[PDB]
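Trainee: Numbering (the deposited numbering), first residue to last: 0, 23 to 248. I'd like to ask you about the structure that follows.
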Ligand SMILES: O=C(O)[C@H]1O[C@@H](O[C@H]2[C@H](O)[C@H](O)[C@H](O[C@H]3[C@H](O)[C@H](O)[C@H](O[C@H]4[C@H](O)[C@H](O)[C@H](O[C@H]5[C@H](O)[C@H](O)[C@H](O[C@H]6[C@H](O)[C@H](O)[C@H](O)O[C@@H]6C(=O)O)O[C@@H]5C(=O)O)O[C@@H]4C(=O)O)O[C@@H]3C(=O)O)O[C@@H]2C(=O)O)[C@@H](O)[C@@H](O)[C@@H]1O
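Set out below in structure tokens:
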């Protein structure tokens, strides 16, 4: 009884350039399935026209994964001269109790390392400063270094918020509601990797493994701009 995101033309292009992974890294719906009206409790269109992702369980996900229209997986040079841009209008509801962090957008390499995660966190402590109920950028310091550089981007609001990730040469920038919140962070540690975008709900370290993480996107796209 769920309405498909594909019924809104604002999502046709990104769905054509995506596959849906749920509840783990297995594909449940390819582009052609998504465009044919794929809909489920973990992926549906709300009555006010948000694409809503919902999932429970530790490290479980409902997430779109960037694809080419050819059906090739996206695998662009992480540090190449072509700009890669992901834009989304995201409403982050107040999360259920037991939900501690939800990744909503990613730049991921083609193996096992996330270049960037944008995530809601109940709390984070950075260089001695604790922030609560914020949106966070996490950039991994390298494939062989589990540590990351963390940057608070925004105080959590339920209001629809514009996020832009711009990746070009060895630099990554994030804008939030038109304001640069991460200005040309270095990602040269991913020279020689290939990369793709992800977007949705990716549930990190819940304290209640049955609670549902939930994330709503009013717009979503990922594009290239050739230099
Ligand atoms: O700063 C502090 O406060 C403390 O930080 C601590 O370290 C942190 C660290 O800073 C950072 O926060 C880190 O975050 C974790 C994160 O919680 C989460 O676990 C994340 O998960 C990753 C995985 O590591 C893995 O990369 C996985 O890869 C996926 C892909 O996403 C993709 O789905 C892929 O699909 C392909 C498969 O081939 C499929 O079969 C399919 O068919 O094809 C696809 C395809 O390519 O299309 O499959 C991959 C898979 O294997 O599942 O993706 C997730 C992800 O999506 O991001 O990992 C990060 C991380 O950076 O490791 O957590 C640390 C921590 O908690 O310890 C400490 O440093 C502390 O001292 C600080 O104080």
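For every residue, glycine included, the Cβ atom is placed at its ideal position computed from N, Cα and C.
Buried or exposed, going by whether 16 or more other CB atoms sit within 10 Å of the CB of residue 132?
Mentor: Here the question's residue 132 lines up with position 111 in the chain shown. Exposed is the call here.
Trainee: Does DSSP put residue 70 in a helix, a strand or coil?
Mentor: Here residue 70 is taken as the residue at index 49 of the chain shown, counted from 1. Residue state, collapsed to three classes: coil.
Trainee: Taking C-alpha atoms, which residue in 159, 135, 137 lies nearest to residue 146?
Mentor: As a position in the chain shown, residue 146 is number 125, starting the count at 1. Closest by alpha carbon: 159.
Trainee: On the DSSP letters alone, give me the boundaries of the beta strand (DSSP E) that residue 156 sits inside.
Mentor: Translated into the one-based positions of the chain shown, residue 156 becomes position 135. Run containing residue 156: 150-163, per the beta strand (DSSP E) assignment.
Trainee: Just grab the DSSP bridge partners of residue 216 for me.
Mentor: Sequence index remark: in the chain shown, residue 216 carries index 195 (1-based). DSSP output for residue 216 lists 97, 130 as bridge partner(s).
Trainee: Between the Cα of residue 100 and those of 207, 240, 241, spot the shortest distance and give me the residue it belongs to.
Mentor: Residue 100 sits at position 79 when you count from the first residue of the chain shown. The residue with the shortest Cα to Cα distance from residue 100 is 207.
Trainee: What separation, rounded to the nearest whole angstrom, lies between the Cα atoms of residue 104 and residue 190?
Mentor: Taking the first residue of the chain shown as 1, we reach residue 104 at position 83. Taking the first residue of the chain shown as 1, we reach residue 190 at position 169. Spanning the two alpha carbons is a distance of roughly 8 Å.
Trainee: Using alpha carbons as the reference points, say which of 181, 174, 39, 226 lies closest to residue 92.
Mentor: If you number the chain shown from 1, residue 92 lands on position 71. It is 39 whose Cα lies nearest to the Cα of residue 92.
Trainee: Look at the Cβ atom of residue 220, then the Cβ atom of residue 193, and state whether they are nearer than 7 Å.
Mentor: The sequence position of residue 220 within the chain shown is 199, counting from 1. The sequence position of residue 193 within the chain shown is 172, counting from 1. Remark: C-beta atoms of residue 220 and residue 193 do not approach each other more closely than 7 Å.
Trainee: Between the Cα of residue 54 and those of 223, 179, 37, spot the shortest distance and give me the residue it belongs to.
Mentor: Numbered from its first residue, the chain shown carries residue 54 at position 33. Residue 54 has its Cα closest to that of 37, out of 223, 179, 37.
Trainee: Taking the C-alpha atoms as reference points, what is the distance between residue 212 and residue 98?
Mentor: Numbered from its first residue, the chain shown carries residue 212 at position 191. Numbered from its first residue, the chain shown carries residue 98 at position 77. Straight-line spacing of the CA atoms in residue 212 and residue 98 works out to 8 Å.
Trainee: Would you kindly report the start and end of the unbroken beta strand (DSSP E) that includes residue 109?
Mentor: Sequence index remark: in the chain shown, residue 109 carries index 88 (1-based). Residue 109 -> beta strand (DSSP E) spans 104-112.
Trainee: Contact between the region 222-231 and the region 162-175: three or more CB pairs below 8 Å?
Mentor: With the cut-off at 8 Å, the region 222-231 and the region 162-175 do not touch.
Trainee: What's the C-alpha gap between residue 94 and residue 74?
Mentor: For this step, residue 94 is matched to residue 73 along the chain shown. For this step, residue 74 is matched to residue 53 along the chain shown. Whole-angstrom Cα-Cα distance: 21 Å.
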